[PDB]
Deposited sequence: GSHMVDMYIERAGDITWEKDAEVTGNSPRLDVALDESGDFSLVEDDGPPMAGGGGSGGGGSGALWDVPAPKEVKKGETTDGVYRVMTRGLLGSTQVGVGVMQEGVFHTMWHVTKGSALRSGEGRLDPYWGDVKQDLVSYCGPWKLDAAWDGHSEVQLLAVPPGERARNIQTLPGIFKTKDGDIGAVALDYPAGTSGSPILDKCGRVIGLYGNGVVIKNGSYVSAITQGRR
């Protein structure tokens, strides 16, 4: 198994008025190996805690340039994981206003996309999600709210409770 897996900084967490209608910031998750480097997912650094999705890393310890990051807390059913500390993204969607997906796909620059999320009624339960199709590897990119905070990630949605 290829042990090597690192992160690279794409940009910062900012709400943009104009849109399409170690240190804090977003990082793209990479895996260098035998052929080259490829993006597996995206994550969010905030309050000295790297947050991302479980299916990206799968409990794999990440490298932050020089220093190593081991995992701290995770959840497979929720599909979440935090490094160096507990989950510190308590904020969630208001349930009516529009939101901004800070999309960070492989081999292309980061950008904000303003959009109203749709509500879907899955056989398991009723969930809410953004109506934007992006490639796998973008999964783990943050969704921002009007007040600035992060309220979920790309890939999996959230249940209405």
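Not built in the structure, per the record, are deposited positions 1-2, 24-77, 218-230.
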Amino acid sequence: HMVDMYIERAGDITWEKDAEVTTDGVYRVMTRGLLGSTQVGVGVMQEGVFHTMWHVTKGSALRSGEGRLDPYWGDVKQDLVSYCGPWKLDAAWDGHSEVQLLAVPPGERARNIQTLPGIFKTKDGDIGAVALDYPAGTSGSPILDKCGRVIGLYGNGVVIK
From here on, numbers count along this sequence of modelled residues.
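Look at the mean CA B-factor for 9-17 and for 133-141 in the entry; the higher one is 9-17.
When 48-56 is weighed against 101-109, 101-109 comes out higher, by mean CA B-factor as recorded in the entry. Which of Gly118, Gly65, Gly41, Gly95 has the largest Cα B-factor in the deposited entry comes down to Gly65.
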